[PDB]
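Q: I'm passing along final_12.cif; it holds mmCIF, N, CA, C and O atoms.
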data_coords
loop_
_atom_site.label_atom_id
_atom_site.label_comp_id
_atom_site.auth_asym_id
_atom_site.auth_seq_id
_atom_site.Cartn_x
_atom_site.Cartn_y
_atom_site.Cartn_z
N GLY A 4 -158.52 -127.14 -65.50
CA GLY A 4 -158.03 -125.78 -65.72
C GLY A 4 -156.89 -125.71 -66.72
O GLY A 4 -156.05 -124.81 -66.68
N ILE A 5 -156.83 -126.69 -67.62
CA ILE A 5 -155.85 -126.69 -68.67
C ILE A 5 -156.43 -125.80 -69.71
O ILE A 5 -157.50 -125.99 -70.28
N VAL A 6 -155.63 -124.77 -69.84
CA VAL A 6 -155.99 -123.71 -70.74
C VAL A 6 -155.06 -123.78 -71.93
O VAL A 6 -153.85 -123.89 -71.77
N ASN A 7 -155.61 -123.73 -73.14
CA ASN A 7 -154.76 -123.65 -74.33
C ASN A 7 -154.16 -122.24 -74.36
O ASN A 7 -154.89 -121.27 -74.08
N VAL A 8 -152.85 -122.03 -74.60
CA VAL A 8 -152.40 -120.63 -74.68
C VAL A 8 -152.42 -120.19 -76.14
O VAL A 8 -151.94 -120.90 -77.03
N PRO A 9 -153.06 -119.04 -76.40
CA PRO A 9 -153.56 -118.68 -77.73
C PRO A 9 -152.51 -118.49 -78.81
O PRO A 9 -152.73 -118.82 -79.98
N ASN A 10 -151.33 -118.01 -78.39
CA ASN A 10 -150.21 -117.73 -79.28
C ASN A 10 -149.08 -118.72 -78.98
O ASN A 10 -148.00 -118.32 -78.51
N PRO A 11 -149.26 -120.03 -79.29
CA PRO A 11 -148.38 -121.12 -78.88
C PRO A 11 -146.97 -120.95 -79.41
O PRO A 11 -146.02 -121.52 -78.88
N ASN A 12 -146.85 -120.13 -80.45
CA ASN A 12 -145.60 -119.81 -81.10
C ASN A 12 -144.82 -118.62 -80.54
O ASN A 12 -143.70 -118.38 -80.98
N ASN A 13 -145.32 -117.86 -79.57
CA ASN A 13 -144.58 -116.71 -79.09
C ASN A 13 -143.23 -116.97 -78.44
O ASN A 13 -142.92 -118.03 -77.90
N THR A 14 -142.47 -115.90 -78.52
CA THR A 14 -141.09 -115.83 -78.06
C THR A 14 -140.81 -116.49 -76.72
O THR A 14 -139.81 -117.20 -76.61
N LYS A 15 -141.70 -116.30 -75.73
CA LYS A 15 -141.53 -116.90 -74.40
C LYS A 15 -141.61 -118.43 -74.40
O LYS A 15 -140.79 -119.17 -73.84
N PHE A 16 -142.66 -118.85 -75.11
CA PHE A 16 -142.96 -120.26 -75.23
C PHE A 16 -141.87 -121.03 -75.93
O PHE A 16 -141.44 -122.12 -75.57
N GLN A 17 -141.39 -120.32 -76.94
CA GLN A 17 -140.28 -120.84 -77.66
C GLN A 17 -139.05 -120.77 -76.76
O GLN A 17 -138.24 -121.70 -76.84
N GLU A 18 -138.86 -119.82 -75.83
CA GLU A 18 -137.67 -119.89 -74.98
C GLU A 18 -137.67 -121.09 -74.04
O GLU A 18 -136.65 -121.74 -73.79
N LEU A 19 -138.92 -121.41 -73.63
CA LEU A 19 -139.22 -122.61 -72.87
C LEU A 19 -138.73 -123.81 -73.65
O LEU A 19 -137.87 -124.57 -73.19
N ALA A 20 -139.26 -123.92 -74.88
CA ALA A 20 -138.97 -125.02 -75.78
C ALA A 20 -137.48 -125.23 -76.00
O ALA A 20 -136.96 -126.33 -75.82
N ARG A 21 -136.80 -124.13 -76.29
CA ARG A 21 -135.38 -124.16 -76.51
C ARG A 21 -134.73 -124.65 -75.23
O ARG A 21 -133.81 -125.47 -75.32
N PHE A 22 -135.23 -124.25 -74.05
CA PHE A 22 -134.65 -124.76 -72.81
C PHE A 22 -134.77 -126.28 -72.72
O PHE A 22 -133.78 -126.98 -72.44
N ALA A 23 -135.98 -126.78 -73.02
CA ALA A 23 -136.24 -128.20 -72.93
C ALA A 23 -135.32 -128.98 -73.84
O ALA A 23 -134.70 -129.95 -73.40
N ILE A 24 -135.15 -128.46 -75.06
CA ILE A 24 -134.29 -129.13 -76.00
C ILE A 24 -132.84 -129.04 -75.52
O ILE A 24 -132.17 -130.07 -75.60
N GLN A 25 -132.34 -127.93 -74.96
CA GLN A 25 -130.98 -127.78 -74.42
C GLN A 25 -130.66 -128.86 -73.38
O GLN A 25 -129.63 -129.57 -73.43
N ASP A 26 -131.65 -128.99 -72.47
CA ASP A 26 -131.57 -130.00 -71.42
C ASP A 26 -131.62 -131.42 -71.97
O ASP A 26 -130.94 -132.30 -71.43
N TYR A 27 -132.39 -131.70 -73.02
CA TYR A 27 -132.36 -133.03 -73.60
C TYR A 27 -131.00 -133.30 -74.19
O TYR A 27 -130.47 -134.37 -73.95
N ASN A 28 -130.50 -132.36 -75.01
CA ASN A 28 -129.21 -132.45 -75.69
C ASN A 28 -128.14 -132.88 -74.71
O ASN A 28 -127.58 -133.98 -74.87
N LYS A 29 -128.00 -132.04 -73.66
CA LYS A 29 -127.02 -132.38 -72.64
C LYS A 29 -127.43 -133.58 -71.77
O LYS A 29 -126.60 -134.13 -71.04
N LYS A 30 -128.69 -134.06 -71.84
CA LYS A 30 -129.07 -135.26 -71.10
C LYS A 30 -128.76 -136.50 -71.93
O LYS A 30 -127.72 -137.12 -71.71
N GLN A 31 -129.59 -136.90 -72.91
CA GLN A 31 -129.33 -138.04 -73.76
C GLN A 31 -128.21 -137.87 -74.80
O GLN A 31 -128.17 -138.61 -75.80
N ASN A 32 -127.31 -136.88 -74.62
CA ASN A 32 -126.05 -136.74 -75.38
C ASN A 32 -126.30 -136.57 -76.89
O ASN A 32 -125.72 -137.30 -77.70
N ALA A 33 -127.17 -135.61 -77.28
CA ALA A 33 -127.49 -135.42 -78.69
C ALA A 33 -128.29 -134.17 -79.05
O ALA A 33 -129.36 -133.90 -78.51
N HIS A 34 -127.75 -133.45 -80.04
CA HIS A 34 -128.32 -132.21 -80.54
C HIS A 34 -129.36 -132.33 -81.62
O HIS A 34 -129.14 -132.81 -82.73
N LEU A 35 -130.55 -131.88 -81.22
CA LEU A 35 -131.68 -131.84 -82.14
C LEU A 35 -131.97 -130.37 -82.50
O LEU A 35 -131.69 -129.47 -81.70
N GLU A 36 -132.51 -130.09 -83.71
CA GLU A 36 -132.82 -128.69 -84.08
C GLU A 36 -134.25 -128.26 -83.82
O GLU A 36 -135.22 -128.72 -84.41
N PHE A 37 -134.27 -127.30 -82.91
CA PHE A 37 -135.42 -126.58 -82.40
C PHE A 37 -136.76 -126.38 -83.10
O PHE A 37 -137.71 -126.07 -82.39
N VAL A 38 -136.85 -126.62 -84.42
CA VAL A 38 -137.87 -126.14 -85.36
C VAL A 38 -138.94 -125.26 -84.71
O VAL A 38 -138.68 -124.06 -84.77
N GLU A 39 -140.06 -125.69 -84.08
CA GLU A 39 -140.94 -124.76 -83.32
C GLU A 39 -142.16 -125.42 -82.68
O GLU A 39 -142.48 -126.56 -83.00
N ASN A 40 -142.90 -124.68 -81.82
CA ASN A 40 -144.07 -125.19 -81.10
C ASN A 40 -145.33 -125.43 -81.92
O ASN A 40 -145.78 -124.54 -82.64
N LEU A 41 -145.91 -126.65 -81.81
CA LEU A 41 -147.20 -127.06 -82.41
C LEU A 41 -148.36 -126.80 -81.46
O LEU A 41 -149.47 -126.50 -81.92
N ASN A 42 -148.16 -126.98 -80.15
CA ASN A 42 -149.21 -126.62 -79.21
C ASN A 42 -148.64 -126.34 -77.84
O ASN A 42 -147.58 -126.88 -77.53
N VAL A 43 -149.31 -125.51 -77.02
CA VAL A 43 -148.83 -125.17 -75.69
C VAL A 43 -149.96 -125.04 -74.69
O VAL A 43 -150.74 -124.09 -74.77
N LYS A 44 -150.05 -125.98 -73.74
CA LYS A 44 -151.09 -125.90 -72.72
C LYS A 44 -150.57 -125.52 -71.35
O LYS A 44 -149.41 -125.77 -71.01
N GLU A 45 -151.45 -124.92 -70.55
CA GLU A 45 -151.16 -124.36 -69.23
C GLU A 45 -152.00 -124.94 -68.09
O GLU A 45 -153.22 -125.15 -68.24
N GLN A 46 -151.35 -125.15 -66.94
CA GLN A 46 -152.06 -125.63 -65.76
C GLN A 46 -151.44 -125.05 -64.50
O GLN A 46 -150.23 -125.10 -64.34
N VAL A 47 -152.19 -124.51 -63.54
CA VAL A 47 -151.57 -123.97 -62.35
C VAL A 47 -151.21 -125.09 -61.39
O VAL A 47 -152.05 -125.65 -60.68
N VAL A 48 -149.94 -125.48 -61.37
CA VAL A 48 -149.47 -126.50 -60.46
C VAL A 48 -148.95 -125.76 -59.26
O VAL A 48 -149.76 -125.13 -58.59
N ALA A 49 -147.67 -125.81 -58.92
CA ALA A 49 -147.19 -125.08 -57.77
C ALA A 49 -146.82 -123.72 -58.28
O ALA A 49 -146.83 -122.73 -57.56
N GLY A 50 -146.48 -123.73 -59.56
CA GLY A 50 -146.19 -122.53 -60.31
C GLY A 50 -147.09 -122.64 -61.51
O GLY A 50 -148.27 -122.33 -61.40
N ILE A 51 -146.56 -123.07 -62.66
CA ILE A 51 -147.38 -123.33 -63.83
C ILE A 51 -146.71 -124.49 -64.56
O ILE A 51 -145.51 -124.47 -64.81
N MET A 52 -147.45 -125.53 -64.89
CA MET A 52 -146.94 -126.65 -65.67
C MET A 52 -147.42 -126.38 -67.07
O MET A 52 -148.61 -126.12 -67.32
N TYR A 53 -146.42 -126.40 -67.94
CA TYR A 53 -146.59 -126.15 -69.35
C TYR A 53 -146.39 -127.45 -70.08
O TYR A 53 -145.36 -128.10 -69.94
N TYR A 54 -147.39 -127.84 -70.86
CA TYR A 54 -147.29 -129.05 -71.66
C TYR A 54 -147.24 -128.66 -73.15
O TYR A 54 -148.23 -128.24 -73.76
N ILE A 55 -146.05 -128.77 -73.75
CA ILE A 55 -145.74 -128.34 -75.11
C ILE A 55 -145.59 -129.46 -76.12
O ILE A 55 -144.71 -130.31 -75.98
N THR A 56 -146.38 -129.48 -77.19
CA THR A 56 -146.07 -130.38 -78.28
C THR A 56 -145.19 -129.45 -79.09
O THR A 56 -145.66 -128.37 -79.48
N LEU A 57 -143.91 -129.82 -79.26
CA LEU A 57 -142.95 -129.03 -80.04
C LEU A 57 -142.20 -129.83 -81.13
O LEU A 57 -142.13 -131.06 -81.08
N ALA A 58 -141.60 -129.17 -82.13
CA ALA A 58 -140.94 -129.87 -83.22
C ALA A 58 -139.47 -129.55 -83.44
O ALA A 58 -139.05 -128.38 -83.50
N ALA A 59 -138.75 -130.69 -83.56
CA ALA A 59 -137.30 -130.68 -83.75
C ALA A 59 -136.76 -131.52 -84.92
O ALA A 59 -137.51 -132.16 -85.67
N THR A 60 -135.42 -131.53 -85.09
CA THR A 60 -134.82 -132.26 -86.20
C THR A 60 -133.46 -132.94 -86.01
O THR A 60 -132.58 -132.59 -85.21
N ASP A 61 -133.41 -133.96 -86.87
CA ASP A 61 -132.30 -134.87 -87.15
C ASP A 61 -131.77 -134.54 -88.56
O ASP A 61 -132.53 -134.08 -89.44
N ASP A 62 -130.46 -134.80 -88.78
CA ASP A 62 -129.65 -134.46 -89.97
C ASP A 62 -130.06 -133.11 -90.57
O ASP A 62 -130.05 -132.12 -89.84
N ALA A 63 -130.45 -133.02 -91.86
CA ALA A 63 -130.91 -131.78 -92.46
C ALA A 63 -132.36 -131.53 -92.03
O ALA A 63 -132.60 -131.18 -90.86
N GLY A 64 -133.36 -131.71 -92.90
CA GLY A 64 -134.76 -131.51 -92.53
C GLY A 64 -135.42 -132.83 -92.16
O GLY A 64 -136.53 -133.09 -92.64
N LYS A 65 -134.76 -133.67 -91.32
CA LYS A 65 -135.33 -134.97 -90.98
C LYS A 65 -136.01 -134.83 -89.61
O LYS A 65 -135.49 -135.10 -88.53
N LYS A 66 -137.25 -134.36 -89.73
CA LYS A 66 -138.10 -133.99 -88.61
C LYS A 66 -138.60 -135.08 -87.69
O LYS A 66 -138.69 -136.26 -88.05
N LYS A 67 -138.96 -134.57 -86.49
CA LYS A 67 -139.72 -135.35 -85.51
C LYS A 67 -140.33 -134.47 -84.41
O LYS A 67 -139.79 -133.42 -84.01
N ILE A 68 -141.52 -134.91 -83.98
CA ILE A 68 -142.36 -134.23 -83.00
C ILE A 68 -142.32 -134.80 -81.59
O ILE A 68 -142.67 -135.94 -81.31
N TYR A 69 -141.86 -133.94 -80.68
CA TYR A 69 -141.74 -134.28 -79.28
C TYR A 69 -142.77 -133.55 -78.44
O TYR A 69 -143.53 -132.68 -78.87
N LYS A 70 -142.80 -133.97 -77.19
CA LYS A 70 -143.71 -133.39 -76.23
C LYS A 70 -142.90 -133.17 -74.96
O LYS A 70 -142.04 -133.98 -74.61
N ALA A 71 -143.17 -132.06 -74.26
CA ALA A 71 -142.44 -131.71 -73.06
C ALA A 71 -143.33 -131.14 -71.95
O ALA A 71 -144.29 -130.42 -72.20
N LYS A 72 -143.08 -131.48 -70.70
CA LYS A 72 -143.80 -130.89 -69.60
C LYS A 72 -142.71 -130.11 -68.90
O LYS A 72 -141.63 -130.65 -68.68
N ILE A 73 -142.92 -128.83 -68.59
CA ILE A 73 -141.90 -128.02 -67.95
C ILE A 73 -142.61 -127.30 -66.85
O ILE A 73 -143.68 -126.73 -67.09
N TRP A 74 -142.01 -127.31 -65.65
CA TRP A 74 -142.57 -126.64 -64.49
C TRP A 74 -141.88 -125.31 -64.31
O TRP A 74 -140.69 -125.22 -64.05
N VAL A 75 -142.65 -124.23 -64.46
CA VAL A 75 -142.08 -122.91 -64.34
C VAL A 75 -142.61 -122.17 -63.12
O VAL A 75 -143.75 -122.31 -62.69
N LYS A 76 -141.69 -121.39 -62.55
CA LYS A 76 -141.91 -120.42 -61.48
C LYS A 76 -141.16 -119.20 -62.04
O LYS A 76 -139.97 -118.97 -61.76
N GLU A 77 -141.85 -118.48 -62.94
CA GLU A 77 -141.31 -117.32 -63.64
C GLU A 77 -140.93 -116.19 -62.71
O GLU A 77 -140.01 -115.42 -62.99
N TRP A 78 -141.64 -116.09 -61.59
CA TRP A 78 -141.34 -115.13 -60.55
C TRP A 78 -140.06 -115.51 -59.81
O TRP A 78 -139.71 -114.96 -58.77
N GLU A 79 -139.34 -116.49 -60.38
CA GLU A 79 -138.06 -116.99 -59.89
C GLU A 79 -137.09 -117.34 -61.02
O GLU A 79 -135.95 -117.72 -60.72
N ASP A 80 -137.52 -117.24 -62.29
CA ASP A 80 -136.81 -117.68 -63.51
C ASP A 80 -136.66 -119.20 -63.47
O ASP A 80 -136.04 -119.81 -64.34
N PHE A 81 -137.29 -119.84 -62.49
CA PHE A 81 -137.12 -121.25 -62.33
C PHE A 81 -137.91 -121.94 -63.41
O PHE A 81 -139.04 -121.59 -63.72
N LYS A 82 -137.27 -122.88 -64.09
CA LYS A 82 -137.94 -123.68 -65.10
C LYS A 82 -137.37 -125.09 -64.94
O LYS A 82 -136.17 -125.20 -64.70
N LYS A 83 -138.14 -126.19 -65.05
CA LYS A 83 -137.60 -127.54 -64.93
C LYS A 83 -138.29 -128.53 -65.86
O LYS A 83 -139.50 -128.71 -65.81
N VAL A 84 -137.55 -129.19 -66.75
CA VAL A 84 -138.13 -130.17 -67.68
C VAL A 84 -138.46 -131.40 -66.85
O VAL A 84 -137.58 -132.05 -66.29
N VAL A 85 -139.75 -131.68 -66.76
CA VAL A 85 -140.28 -132.83 -66.03
C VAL A 85 -140.42 -134.08 -66.92
O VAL A 85 -140.40 -135.21 -66.42
N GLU A 86 -140.54 -133.92 -68.24
CA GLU A 86 -140.57 -135.02 -69.18
C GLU A 86 -140.48 -134.47 -70.60
O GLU A 86 -140.89 -133.35 -70.89
N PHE A 87 -139.92 -135.28 -71.49
CA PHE A 87 -139.70 -134.97 -72.90
C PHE A 87 -139.60 -136.29 -73.65
O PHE A 87 -138.86 -137.22 -73.29
N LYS A 88 -140.37 -136.38 -74.73
CA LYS A 88 -140.43 -137.63 -75.45
C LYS A 88 -140.90 -137.50 -76.88
O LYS A 88 -141.81 -136.70 -77.14
N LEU A 89 -140.31 -138.25 -77.82
CA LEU A 89 -140.81 -138.17 -79.18
C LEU A 89 -141.95 -139.13 -79.37
O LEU A 89 -141.98 -140.26 -78.88
N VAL A 90 -142.89 -138.55 -80.10
CA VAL A 90 -144.10 -139.19 -80.56
C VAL A 90 -143.85 -140.05 -81.81
O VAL A 90 -142.75 -139.99 -82.38
#
Show this structure as structure tokens.
A:
Amino acid sequence: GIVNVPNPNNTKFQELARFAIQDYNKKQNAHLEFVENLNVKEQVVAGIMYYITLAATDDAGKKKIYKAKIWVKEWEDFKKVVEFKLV
């Protein structure tokens, strides 16, 4: 039941992404730049598990592509980064 979400770049998805990156920053002690979502998949877990291939940056335009799993319960504003890693 992994459904591709059709507008992977929309505002919500990107708020997710920005959350994941915020949490990484404050986790592994380092600020990366948000650039934007490459893909966004959906699965009904206890709420909804979102698996995002997203893109960020080092120095000026020194890019890199990460992946994040985030567990959301939007009917609670609850969101939790379950994993994040650069490819």
Q: Can you measure atom O of residue 15 in chain A to atom O of residue 66 in chain A for me? One decimal in Å is fine.
A: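 Separation between atom O of residue 15 in chain A and atom O of residue 66 in chain A: 22.3 Å.
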Q: Starting from the displayed file, determine the output of the PyMOL selection byres (((chain A and resi 23-31 and name CA) around 10) and name CA) and express the residue list as a PDB file with N, CA, C and O atoms, in the frame of the given file.
A:
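Wrote part_31.pdb, looks like this:
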ATOM      1  N   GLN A  17    -141.390-120.320 -76.940  1.00  0.00           N
ATOM      2  CA  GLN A  17    -140.280-120.840 -77.660  1.00  0.00           C
ATOM      3  C   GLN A  17    -139.050-120.770 -76.760  1.00  0.00           C
ATOM      4  O   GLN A  17    -138.240-121.700 -76.840  1.00  0.00           O
ATOM      5  N   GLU A  18    -138.860-119.820 -75.830  1.00  0.00           N
ATOM      6  CA  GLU A  18    -137.670-119.890 -74.980  1.00  0.00           C
ATOM      7  C   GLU A  18    -137.670-121.090 -74.040  1.00  0.00           C
ATOM      8  O   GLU A  18    -136.650-121.740 -73.790  1.00  0.00           O
ATOM      9  N   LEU A  19    -138.920-121.410 -73.630  1.00  0.00           N
ATOM     10  CA  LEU A  19    -139.220-122.610 -72.870  1.00  0.00           C
ATOM     11  C   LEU A  19    -138.730-123.810 -73.650  1.00  0.00           C
ATOM     12  O   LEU A  19    -137.870-124.570 -73.190  1.00  0.00           O
ATOM     13  N   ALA A  20    -139.260-123.920 -74.880  1.00  0.00           N
ATOM     14  CA  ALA A  20    -138.970-125.020 -75.780  1.00  0.00           C
ATOM     15  C   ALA A  20    -137.480-125.230 -76.000  1.00  0.00           C
ATOM     16  O   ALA A  20    -136.960-126.330 -75.820  1.00  0.00           O
ATOM     17  N   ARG A  21    -136.800-124.130 -76.290  1.00  0.00           N
ATOM     18  CA  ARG A  21    -135.380-124.160 -76.510  1.00  0.00           C
ATOM     19  C   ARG A  21    -134.730-124.650 -75.230  1.00  0.00           C
ATOM     20  O   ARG A  21    -133.810-125.470 -75.320  1.00  0.00           O
ATOM     21  N   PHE A  22    -135.230-124.250 -74.050  1.00  0.00           N
ATOM     22  CA  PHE A  22    -134.650-124.760 -72.810  1.00  0.00           C
ATOM     23  C   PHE A  22    -134.770-126.280 -72.720  1.00  0.00           C
ATOM     24  O   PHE A  22    -133.780-126.980 -72.440  1.00  0.00           O
ATOM     25  N   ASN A  32    -127.310-136.880 -74.620  1.00  0.00           N
ATOM     26  CA  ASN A  32    -126.050-136.740 -75.380  1.00  0.00           C
ATOM     27  C   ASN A  32    -126.300-136.570 -76.890  1.00  0.00           C
ATOM     28  O   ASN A  32    -125.720-137.300 -77.700  1.00  0.00           O
ATOM     29  N   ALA A  33    -127.170-135.610 -77.280  1.00  0.00           N
ATOM     30  CA  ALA A  33    -127.490-135.420 -78.690  1.00  0.00           C
ATOM     31  C   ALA A  33    -128.290-134.170 -79.050  1.00  0.00           C
ATOM     32  O   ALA A  33    -129.360-133.900 -78.510  1.00  0.00           O
ATOM     33  N   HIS A  34    -127.750-133.450 -80.040  1.00  0.00           N
ATOM     34  CA  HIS A  34    -128.320-132.210 -80.540  1.00  0.00           C
ATOM     35  C   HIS A  34    -129.360-132.330 -81.620  1.00  0.00           C
ATOM     36  O   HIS A  34    -129.140-132.810 -82.730  1.00  0.00           O
ATOM     37  N   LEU A  35    -130.550-131.880 -81.220  1.00  0.00           N
ATOM     38  CA  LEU A  35    -131.680-131.840 -82.140  1.00  0.00           C
ATOM     39  C   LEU A  35    -131.970-130.370 -82.500  1.00  0.00           C
ATOM     40  O   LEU A  35    -131.690-129.470 -81.700  1.00  0.00           O
ATOM     41  N   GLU A  36    -132.510-130.090 -83.710  1.00  0.00           N
ATOM     42  CA  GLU A  36    -132.820-128.690 -84.080  1.00  0.00           C
ATOM     43  C   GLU A  36    -134.250-128.260 -83.820  1.00  0.00           C
ATOM     44  O   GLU A  36    -135.220-128.720 -84.410  1.00  0.00           O
ATOM     45  N   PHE A  37    -134.270-127.300 -82.910  1.00  0.00           N
ATOM     46  CA  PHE A  37    -135.420-126.580 -82.400  1.00  0.00           C
ATOM     47  C   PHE A  37    -136.760-126.380 -83.100  1.00  0.00           C
ATOM     48  O   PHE A  37    -137.710-126.070 -82.390  1.00  0.00           O
ATOM     49  N   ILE A  55    -146.050-128.770 -73.750  1.00  0.00           N
ATOM     50  CA  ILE A  55    -145.740-128.340 -75.110  1.00  0.00           C
ATOM     51  C   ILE A  55    -145.590-129.460 -76.120  1.00  0.00           C
ATOM     52  O   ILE A  55    -144.710-130.310 -75.980  1.00  0.00           O
ATOM     53  N   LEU A  57    -143.910-129.820 -79.260  1.00  0.00           N
ATOM     54  CA  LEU A  57    -142.950-129.030 -80.040  1.00  0.00           C
ATOM     55  C   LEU A  57    -142.200-129.830 -81.130  1.00  0.00           C
ATOM     56  O   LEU A  57    -142.130-131.060 -81.080  1.00  0.00           O
ATOM     57  N   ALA A  58    -141.600-129.170 -82.130  1.00  0.00           N
ATOM     58  CA  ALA A  58    -140.940-129.870 -83.220  1.00  0.00           C
ATOM     59  C   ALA A  58    -139.470-129.550 -83.440  1.00  0.00           C
ATOM     60  O   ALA A  58    -139.050-128.380 -83.500  1.00  0.00           O
ATOM     61  N   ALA A  59    -138.750-130.690 -83.560  1.00  0.00           N
ATOM     62  CA  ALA A  59    -137.300-130.680 -83.750  1.00  0.00           C
ATOM     63  C   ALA A  59    -136.760-131.520 -84.920  1.00  0.00           C
ATOM     64  O   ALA A  59    -137.510-132.160 -85.670  1.00  0.00           O
ATOM     65  N   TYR A  69    -141.860-133.940 -80.680  1.00  0.00           N
ATOM     66  CA  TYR A  69    -141.740-134.280 -79.280  1.00  0.00           C
ATOM     67  C   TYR A  69    -142.770-133.550 -78.440  1.00  0.00           C
ATOM     68  O   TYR A  69    -143.530-132.680 -78.870  1.00  0.00           O
ATOM     69  N   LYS A  70    -142.800-133.970 -77.190  1.00  0.00           N
ATOM     70  CA  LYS A  70    -143.710-133.390 -76.230  1.00  0.00           C
ATOM     71  C   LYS A  70    -142.900-133.170 -74.960  1.00  0.00           C
ATOM     72  O   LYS A  70    -142.040-133.980 -74.610  1.00  0.00           O
ATOM     73  N   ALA A  71    -143.170-132.060 -74.260  1.00  0.00           N
ATOM     74  CA  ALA A  71    -142.440-131.710 -73.060  1.00  0.00           C
ATOM     75  C   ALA A  71    -143.330-131.140 -71.950  1.00  0.00           C
ATOM     76  O   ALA A  71    -144.290-130.420 -72.200  1.00  0.00           O
ATOM     77  N   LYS A  72    -143.080-131.480 -70.700  1.00  0.00           N
ATOM     78  CA  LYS A  72    -143.800-130.890 -69.600  1.00  0.00           C
ATOM     79  C   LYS A  72    -142.710-130.110 -68.900  1.00  0.00           C
ATOM     80  O   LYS A  72    -141.630-130.650 -68.680  1.00  0.00           O
ATOM     81  N   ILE A  73    -142.920-128.830 -68.590  1.00  0.00           N
ATOM     82  CA  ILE A  73    -141.900-128.020 -67.950  1.00  0.00           C
ATOM     83  C   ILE A  73    -142.610-127.300 -66.850  1.00  0.00           C
ATOM     84  O   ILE A  73    -143.680-126.730 -67.090  1.00  0.00           O
ATOM     85  N   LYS A  82    -137.270-122.880 -64.090  1.00  0.00           N
ATOM     86  CA  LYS A  82    -137.940-123.680 -65.100  1.00  0.00           C
ATOM     87  C   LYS A  82    -137.370-125.090 -64.940  1.00  0.00           C
ATOM     88  O   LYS A  82    -136.170-125.200 -64.700  1.00  0.00           O
ATOM     89  N   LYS A  83    -138.140-126.190 -65.050  1.00  0.00           N
ATOM     90  CA  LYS A  83    -137.600-127.540 -64.930  1.00  0.00           C
ATOM     91  C   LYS A  83    -138.290-128.530 -65.860  1.00  0.00           C
ATOM     92  O   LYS A  83    -139.500-128.710 -65.810  1.00  0.00           O
ATOM     93  N   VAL A  84    -137.550-129.190 -66.750  1.00  0.00           N
ATOM     94  CA  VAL A  84    -138.130-130.170 -67.680  1.00  0.00           C
ATOM     95  C   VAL A  84    -138.460-131.400 -66.850  1.00  0.00           C
ATOM     96  O   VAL A  84    -137.580-132.050 -66.290  1.00  0.00           O
ATOM     97  N   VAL A  85    -139.750-131.680 -66.760  1.00  0.00           N
ATOM     98  CA  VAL A  85    -140.280-132.830 -66.030  1.00  0.00           C
ATOM     99  C   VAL A  85    -140.420-134.080 -66.920  1.00  0.00           C
ATOM    100  O   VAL A  85    -140.400-135.210 -66.420  1.00  0.00           O
ATOM    101  N   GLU A  86    -140.540-133.920 -68.240  1.00  0.00           N
ATOM    102  CA  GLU A  86    -140.570-135.020 -69.180  1.00  0.00           C
ATOM    103  C   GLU A  86    -140.480-134.470 -70.600  1.00  0.00           C
ATOM    104  O   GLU A  86    -140.890-133.350 -70.890  1.00  0.00           O
ATOM    105  N   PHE A  87    -139.920-135.280 -71.490  1.00  0.00           N
ATOM    106  CA  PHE A  87    -139.700-134.970 -72.900  1.00  0.00           C
ATOM    107  C   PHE A  87    -139.600-136.290 -73.650  1.00  0.00           C
ATOM    108  O   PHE A  87    -138.860-137.220 -73.290  1.00  0.00           O
ATOM    109  N   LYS A  88    -140.370-136.380 -74.730  1.00  0.00           N
ATOM    110  CA  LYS A  88    -140.430-137.630 -75.450  1.00  0.00           C
ATOM    111  C   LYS A  88    -140.900-137.500 -76.880  1.00  0.00           C
ATOM    112  O   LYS A  88    -141.810-136.700 -77.140  1.00  0.00           O
TER     113      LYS A  88
END
Q: Residue 43 in chain A: which residues within 7 Å, counting only C-alpha atoms, same-chain residues fewer than 2 positions away excluded, as a PDB file with N, CA, C and O atoms, keeping the file's coordinate frame?
A:
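Wrote result-v9.pdb, looks like this:
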ATOM      1  N   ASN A   7    -155.610-123.730 -73.140  1.00  0.00           N
ATOM      2  CA  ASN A   7    -154.760-123.650 -74.330  1.00  0.00           C
ATOM      3  C   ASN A   7    -154.160-122.240 -74.360  1.00  0.00           C
ATOM      4  O   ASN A   7    -154.890-121.270 -74.080  1.00  0.00           O
ATOM      5  N   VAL A   8    -152.850-122.030 -74.600  1.00  0.00           N
ATOM      6  CA  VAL A   8    -152.400-120.630 -74.680  1.00  0.00           C
ATOM      7  C   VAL A   8    -152.420-120.190 -76.140  1.00  0.00           C
ATOM      8  O   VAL A   8    -151.940-120.900 -77.030  1.00  0.00           O
ATOM      9  N   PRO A  11    -149.260-120.030 -79.290  1.00  0.00           N
ATOM     10  CA  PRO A  11    -148.380-121.120 -78.880  1.00  0.00           C
ATOM     11  C   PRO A  11    -146.970-120.950 -79.410  1.00  0.00           C
ATOM     12  O   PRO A  11    -146.020-121.520 -78.880  1.00  0.00           O
ATOM     13  N   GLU A  45    -151.450-124.920 -70.550  1.00  0.00           N
ATOM     14  CA  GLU A  45    -151.160-124.360 -69.230  1.00  0.00           C
ATOM     15  C   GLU A  45    -152.000-124.940 -68.090  1.00  0.00           C
ATOM     16  O   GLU A  45    -153.220-125.150 -68.240  1.00  0.00           O
ATOM     17  N   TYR A  53    -146.420-126.400 -67.940  1.00  0.00           N
ATOM     18  CA  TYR A  53    -146.590-126.150 -69.350  1.00  0.00           C
ATOM     19  C   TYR A  53    -146.390-127.450 -70.080  1.00  0.00           C
ATOM     20  O   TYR A  53    -145.360-128.100 -69.940  1.00  0.00           O
ATOM     21  N   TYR A  54    -147.390-127.840 -70.860  1.00  0.00           N
ATOM     22  CA  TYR A  54    -147.290-129.050 -71.660  1.00  0.00           C
ATOM     23  C   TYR A  54    -147.240-128.660 -73.150  1.00  0.00           C
ATOM     24  O   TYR A  54    -148.230-128.240 -73.760  1.00  0.00           O
ATOM     25  N   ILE A  55    -146.050-128.770 -73.750  1.00  0.00           N
ATOM     26  CA  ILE A  55    -145.740-128.340 -75.110  1.00  0.00           C
ATOM     27  C   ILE A  55    -145.590-129.460 -76.120  1.00  0.00           C
ATOM     28  O   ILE A  55    -144.710-130.310 -75.980  1.00  0.00           O
ATOM     29  N   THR A  56    -146.380-129.480 -77.190  1.00  0.00           N
ATOM     30  CA  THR A  56    -146.070-130.380 -78.280  1.00  0.00           C
ATOM     31  C   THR A  56    -145.190-129.450 -79.090  1.00  0.00           C
ATOM     32  O   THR A  56    -145.660-128.370 -79.480  1.00  0.00           O
TER      33      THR A  56
END
